[PDB]
Structures are given as C-alpha cells and as structure tokens.
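S.K.: Okay, handing you the structure first.
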Amino acid sequence: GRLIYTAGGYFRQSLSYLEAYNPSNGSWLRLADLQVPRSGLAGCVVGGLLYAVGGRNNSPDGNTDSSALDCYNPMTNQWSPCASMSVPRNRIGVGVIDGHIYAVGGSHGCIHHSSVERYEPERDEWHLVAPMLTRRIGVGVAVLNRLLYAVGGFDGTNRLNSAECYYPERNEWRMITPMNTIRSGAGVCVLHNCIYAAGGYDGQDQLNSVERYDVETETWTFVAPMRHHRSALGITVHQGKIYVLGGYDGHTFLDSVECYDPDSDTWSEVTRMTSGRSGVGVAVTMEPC
Ligand SMILES: CN(Cc1cc([C@H](CC(=O)O)c2ccc3c(c2)nnn3C)ccc1Cl)S(C)(=O)=O
Ligand SMILES: [Cl-]
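Basically the entry's author numbering = 1-based index in the sequence shown + 324.
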C-alpha cells in the first residue's frame, strides 16, 4: 500500500502503540492502540487488513506470552480479535503465502517451538503444518517465489546461523546454506531474488552487518552494514527499499529508522520513531480513515 505500520514493541515494558509512517512526506500518525500490549510480535498484511501475531506482554503485573491474532482495519481504525493460534509464540516470525499467514517458532515460557501453523482468513482458522527441523525463537521469516524461509534465531541453547525452507506442496522443511553470521532477532525480508538478514544478536554483541541469500546461487553475501548495530529490529520493504525500525544496540532502545538502497549499496537515516523501542511488528498497507 502506502504506509509503514509499526505495532507494539518494548521499552521498559511491552507497548500498545500502533503508528504509521509515510515515506512520501516523512509524517507519523498515531492510530488505535492494540487491545493488549505486546513485544516480540510480528506484523503482516493480507487483503488490506493488518495482522498482529503472537508476542508477549512483559508488564509489572506479570508476563504473558501471546497466542493472539488481532485484525486491524485501516478503513475503520479498529482492532478486532481474530482466531488465536494453537500455542503462545513470543519472538515469533511470520510469512504470507497465497493469502495465508504462517506463524513460525517463537517461545512459550522455556518452550522453544519448532512448530509452524497456517491461518486462513476466509475461514478464520489456524492449522498446524510440518514443524521446522530446528527450534527457533527470534526467527527471521521471509517469502520468495511462494516458498517460506526461517532464518537464524535461538534454539534454547545456541544462537543460530542456520536457515531452512518450507515447500508447501510437499509440506516439508529442508535446510538451506547457513548464513555467514550467527543472528538471533535479525530483521529478515525479501528484495528482488534475495533474502536479506540485517542485524541481530549472537549472544555477545548486537550486529550492524547485513547479508543476503540468492536463491539461484544458494550463497550468502554481505552488503553494506547498517549505520546502527541492532537486535530485535522491525523490517519491511516499501517501494524496492528495505526499512529497518528500532531495536536494541546494547545501550539504547533505538528510535532510528534506516533505509537501504540496493542500487547504491547504502544505508541512510530516514526518520525517527516517536520513541525508542525494540521487538516491534511491522508491515505495509493503505493509509487509514
Ligand atoms: C528484545 N526483544 C525480544 C527478542 C529477543 C531476541 C534474542 C533472543 C535470544 O537470542 O536469546 C535476544 C536476547 C537477548 C538480547 C538480544 C536479543 N539483544 N540484546 N540482548 C541482551 C530476539 C528477538 C526478540 Cl523480538 S523485545 C523484549 O524487545 O521484544
Ligand atoms: Cl521477551
């Protein structure tokens, strides 16, 4: 559509913010709060509805992992509950294929999920599909050529450089070439024929490095690093440019929004979020009201 939507996130506690950024004019709008605060969620769009998926409410009244799927209609500026997932999934990744949402990995307490389930908007129903070969939380997910990729994350013991691909018509996961960098809570998206993995956490440092996987060559190649180190960033694509939003640099919960131009191989500062935050869900759709 036209706007980059950021939903939820974390600063001191989980957040309920929904705000939309307009690349055309640099403006931010605050829209209807989520019904429940959540960090570690993912955002996606299907048929002009924005979806907030999974996460956890980290609050002083207690911490609760979320199995929620909530539906935002930009036409009405209202959130409605949609069907809940089979399980809570904090630090989730999601991908859309053929109008269906795949919820991938994430955690529930000390449970690190390998499980994957698929939502059908037409039926408001989730169904489990084949689990990943690896347990992954903080998992990056992208879709390219109607195949679903799960990239990096944390399996309960180790942060991962591994990645795998789901073939829907085979209901089967297979490993792909591992990344050159261990990344948990990277931003993962697709641009042209490539899966990008930006930033993340390796268990010691937050990362500025960025690498991309070419499905034709099966190789990962580093591109220019981001201006900021960041883990638990939000990421999206708007008109052939990658945007990264917020995250944590080991010192600050960033308000920084950076954009990548693949033609010049450069990252630039674009705007600041209205306040610093990590673990947001991000997606692109039409302007509201
Ligand atoms: C920080 N957020 C939660 C979160 C954590 C991690 C990972 C998990 C892991 O590798 O164990 C993580 C853990 C600790 C980190 C880290 C990343 N970066 N710095 N530090 C100290 C990945 C994604 C998300 Cl969304 S949130 C609460 O904002 O949603
Ligand atoms: Cl968390």
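Backbone N, C-alpha and C define an ideal beta-carbon position, used for all residues, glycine too.
#1: Given 6 Å as the limit, tell me if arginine 483 has its C-beta closer than that to any heavy atom belonging to ligand 3.
#2: Please tell me whether, using a cut-off of 6 Å, the distance from the CB of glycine 476 to the nearest non-hydrogen atom of ligand 2 is below it.
#3: Determine the direct distance from the alpha carbon of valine 604 to that of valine 428, and round the result to whole angstroms.
#4: Output the distance between the C-alpha atoms of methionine 597 and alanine 607, rounded to the nearest integer angstrom.
#5: Which residue comes first and which comes last in the beta strand (DSSP E) that contains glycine 386?
#6: What I want to know is whether the C-beta of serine 602 ends up closer than 6 Å to one or more non-hydrogen atoms of ligand 1.
#7: So, for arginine 551: in the same chain, excluding its five sequence neighbours on each side, which residues have a beta-carbon less than 7 Å away from its beta-carbon?
#8: Straight-line CA distance for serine 486 to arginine 507?
#9: Can you give the Cα-Cα distance for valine 463 and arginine 413, rounded to whole angstroms?
#10: Could you tell me the distance, in whole angstroms, from the CA atom of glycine 364 to the CA atom of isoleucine 328?
#11: Rounding to the nearest angstrom, what Cα-Cα distance links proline 361 and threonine 541 in this structure?
#12: Look up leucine 365 in the DSSP assignment and say whether it is helix, strand or coil.
#13: Can you tell me which of the three DSSP states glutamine 528 falls into?
#14: Excluding the 5 residues preceding and the 5 following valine 420 in the sequence, name in chain order all residues of the same chain whose CB lies nearer than 7 Å to its CB.
#15: What residues in its chain sit with their C-beta under 7 Å from that of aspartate 479, if we drop five residues either side in the sequence?
#16: From what residue to what residue does the beta strand (DSSP E) around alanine 548 run?
#17: Would you check whether ligand 2 has a heavy atom nearer than 6 Å to the C-beta of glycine 364?
#18: Contact between the region 561-577 and the region 512-519: three or more CB pairs below 8 Å?
#19: Could you check how far apart the C-beta atoms of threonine 501 and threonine 543 are, in whole angstroms? I think they sit under 8 Å.
#20: Where do the ends of the beta strand (DSSP E) carrying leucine 342 lie?
#21: Using 7 Å as the threshold, is the C-beta distance between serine 439 and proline 455 below it?
#22: Going by Cα to Cα distance, which pick from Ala392, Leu355 and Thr388 is closest to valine 377?
#23: Does the Cβ of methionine 499 have 16 or more other Cβ atoms within 10 Å, making it buried, or fewer, making it exposed?
#24: Is it the case that the CB of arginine 380 approaches a heavy atom of ligand 2 more closely than 6 Å?
#25: In terms of DSSP beta bridges, what is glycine 605 paired with?
#26: Run through DSSP, which three-state label would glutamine 337 get?
#27: How many angstroms separate the CA atom of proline 612 from the CA atom of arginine 326?
#28: Is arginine 554 near ligand 1, judged by its Cβ being under 6 Å from some heavy atom?
#29: Kindly list the residues whose CB is nearer than 6 Å to the CB of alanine 331, restricted to its own chain and excluding five residues on each side of it in sequence; keep chain order.
#30: If the criterion is Cβ atoms closer than 7 Å, does the pair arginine 483 and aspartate 526 meet it?
M.R.: Taking the coordinates as given:
#1: As presented, the structure is devoid of ligand 3, carrying ligand 1 and ligand 2 as its sole ligands.
#2: Checking the Cβ of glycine 476 against ligand 2 gives no.
#3: Each residue's alpha carbon lies about 16 Å from the other.
#4: So the two alpha carbons sit approximately 15 Å from each other.
#5: 386-389 is the extent of the beta strand (DSSP E) around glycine 386.
#6: Residue side-chain check: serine 602 places its Cβ nearer than 6 Å to a non-hydrogen atom of ligand 1.
#7: Only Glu582, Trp591 and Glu593 meet the Cβ criterion.
#8: Using only the alpha carbons, I get a separation of about 9 Å.
#9: So the alpha carbons of these two residues sit roughly 11 Å apart.
#10: The alpha-carbon atoms of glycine 364 and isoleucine 328 are separated by roughly 18 Å.
#11: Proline 361 and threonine 541 have their C-alpha atoms roughly 41 Å apart.
#12: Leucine 365: coil per DSSP, three-state reduction.
#13: When DSSP states are grouped into helix, strand and coil, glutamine 528 belongs to the coil group.
#14: Cβ neighbours of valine 420 beyond the five flanking positions: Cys368, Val370 and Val467.
#15: Around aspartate 479: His436, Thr458, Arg459 and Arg460.
#16: Per DSSP, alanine 548 is not a residue of any beta strand (DSSP E), being assigned neither H nor E.
#17: At least one heavy atom of ligand 2 is nearer than 6 Å to the Cβ of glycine 364, so yes.
#18: With a cut-off of 8 Å, the region 512-519 and the region 561-577 count as touching, because enough Cβ pairs lie within range.
#19: Yes, they are in contact, since the Cβ atoms of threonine 501 and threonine 543 sit about 6 Å apart, within 8 Å.
#20: Counting along the chain, the beta strand (DSSP E) containing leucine 342 begins and ends at 342-346.
#21: Contact: yes.
#22: For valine 377, the closest of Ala392, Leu355 and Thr388 by C-alpha to C-alpha distance is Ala392.
#23: Label assigned to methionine 499: exposed.
#24: Yes, Cβ of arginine 380 sits closer than 6 Å to a heavy atom of ligand 2.
#25: Residue pairing by DSSP places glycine 605 opposite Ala331 in a beta bridge.
#26: Looking at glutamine 337 - three-state DSSP - the assignment turns out to be strand.
#27: Whole-angstrom Cα-Cα distance: 10 Å.
#28: Not under cutoff, so the answer is no.
#29: Cβ neighbours of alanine 331 beyond the five flanking positions: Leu342, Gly367, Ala376 and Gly605.
#30: Yes. Within cutoff.
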